[PDB]
Structure formats: structure tokens, C-alpha cells
């Protein structure tokens, strides 16, 4: 029913998220303002994971200044036993919203695209490459996608797919900013064609076969927005060296040409 963080009290109104030993609550302060609060129980945590949490917090904090396309962290508490993160509250994670909506509006989809670019651009500018990027990581907050996590700390599932893994991450076992470009591509592909590139492929053992396979070609059906079709093509190129960059993407006409 009730969470104390650095003096203040919040009433738990609902659980929204539930990773390993972490839980996210939709809560309310005394003035009845909403906030998401992340509780991470630490009793079991070993130094690797403990450092991962400390790392996420520090970056999440640092990055506050640079962009509003990053989840806002209002304040936090941390002891040897727990973590509480008081954060901004949104409407829905993107993943759970790409199921709900039938097919997206052009103007919104572009807006969401800009939003993600700015977000991922920011983490890159601070030497972070979020390797496991996916729509579950973004969060709608009054017409804005904001980034929830950095792939530094262990992932939470909102109350795990391989649709977004980039080639070079699969071909890896015997990293690049470009990895995130692929994953963002996949999210945008979804937002134009109602599905990811390989989400019709059934078996996962072989889902990661199509991805790596140069001979396997990806289907880009024509659409009224010719720019968008190019972005998709440029993002989903299998060779990191020849895949478009975030800074290139930010100057692409899809983001830049008006209407």
C-alpha cells in the first residue's frame, strides 16, 4: 500500500512492471500526483548486477540534462537492501501499443521516429550502446516516446523476443553504434507494415537463421511515403559498415522534409 522514498510517501495504486528482483509501481504522492517508482530488492544481488544497477542510475541521472526523450528520474534512494527510483509515469510501453492499434498514422509514426532517434542519439553521445533495443524499452508520455532503459542493467518485463536482434550480434559468437540502428529499423518496419521483418517466421531456432542469411532478402512493399521506404532499407542493411548511421538518419529527408 505505501512506499517511503527520501522522506516522502507514495500510495501504490497498481503494479506495472516485474523484472527479476525488481517491481515497478504506478503510485501517487500526497498531492495525488502520479509517478512510477521502481523497487529493486538487493538481498540476493552479486557485485556484477549491483554495479549494473548503480551504473544505470548514474547514467539515467547524467542523461537527464541532455534530453527529454529520456525517462525523467526525479529522485532515488539506495541502501544495501533496496533501490527506489521515483520516475515519470506514462500511458503505455510501445510494445503493448503496437498490438492494440490496428495501423499507425503517418504523422504520429514520424514523430515517434524522431523521438527514438534523439533518444538513441543521446546515449551514443555518452558512449552507451544499448544492445537489446526493442519497443518494450520505449514509453509513451503525452505524445512522446521516451527511453526507459540503457541495456546496461538487467531488463524488466512490463505487466522477451528476438525479432530485433541485429545480424552482427548473432554472427558475434564464435560493439557498434550501428547495432541500435538495426533494432530501431525493426521497430519502424513494424510501424509501417504492421509487423517486424521476421515475425512471420515461426521457429526461433530458424528465426535467427533468416537474420544472418545474406541470400535471404527482406520484403519492402511500396508505400506512399518513399522516404520512409528508404529509411527502412538503409536501416535493415546487414553490413554495419554500409548501414546508415544515427547522425545520417537525423539528416535523412524522412525526418527533415516538411509534410
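Positions refer to the first chain, counted from 1. In this text, rigid core is short for the largest set of C-alphas that superpose within 1.5 Å between two forms.
Q: Between 203-211 and 50-58, which has its CA atoms farther from the current form in 7 other deposited structures of this protein, using a rigid core superposition?
A: Once the cores are fitted, 203-211 deviates more in 7 other deposited structures of this protein.
Q: Determine, for 223-231 and 24-32, which one has C-alphas that on average lie farther from this form in 7 other deposited structures of this protein; superpose on the rigid core first.
A: If we average over structures and residues in 7 other deposited structures of this protein, the farther stretch is 24-32.
Q: Where the other entries model residues on both sides, is residue 88 skipped in at least a third?
A: No.
Q: When the other structures of this protein are compared, and only where the residues around it are present, is residue 122 absent from a third or more of them?
A: no, residue 122 modelled in all other entries.
Q: Select one of none, 1 to 3, 4 to 9, or 10 or more to describe the deposited residues without coordinates separating residue 159 and residue 160.
A: Gap between residue 159 and residue 160: 10 or more unmodelled residues.
Q: Count of coordinate-less deposited residues separating residue 174 and residue 175, as none, 1 to 3, 4 to 9, or 10 or more?
A: A long stretch, 10 or more residues, is missing between them.
Q: Comparing 200-208 with 224-232, which stretch shows the greater average C-alpha B-factor in the deposited entry?
A: Per the PDB record, 200-208.
Q: Would you determine, from the values in the PDB entry, which of 214-222 and 48-56 has the greater average C-alpha temperature factor?
A: The stretch with the larger average C-alpha B-factor is 214-222.
Q: Between 99, 72, 114, 121, which one tops the list for C-alpha B-factor in the PDB entry?
A: Out of 99, 72, 114, 121, the record gives the largest C-alpha B-factor to 99.
Q: Among 148, 128, 153, 85, which carries the highest Cα B-factor?
A: If I rank 148, 128, 153, 85 by C-alpha B-factor, first place goes to 153.
Q: Report the third (lowest, middle or highest) to which the CA temperature factor of residue 62 belongs, ranking only the modelled residues of the same chain.
A: Its C-alpha B-factor belongs to the lowest third of this chain's values.
Q: Pull the Cα B-factor of residue 19 out of the PDB entry and bin it into the chain's lowest, middle or highest third.
A: Its C-alpha B-factor, which the entry lists for residue 19, ranks in the highest third among residues of this chain.
Q: Going by the entry, which third of its chain does the Cα temperature factor of residue 77 land in?
A: CA B-factor rank for residue 77: lowest third.
Q: Among all modelled residues of this chain, ranked by Cα B factor, put residue 192 in the bottom, middle or top third, i.e. lowest, middle or highest.
A: Its C-alpha B-factor belongs to the highest third of this chain's values.
Q: Tell me, lowest, middle or highest third: where does the Cα B factor of residue 105 rank within its chain?
A: It falls in the top third of the chain.
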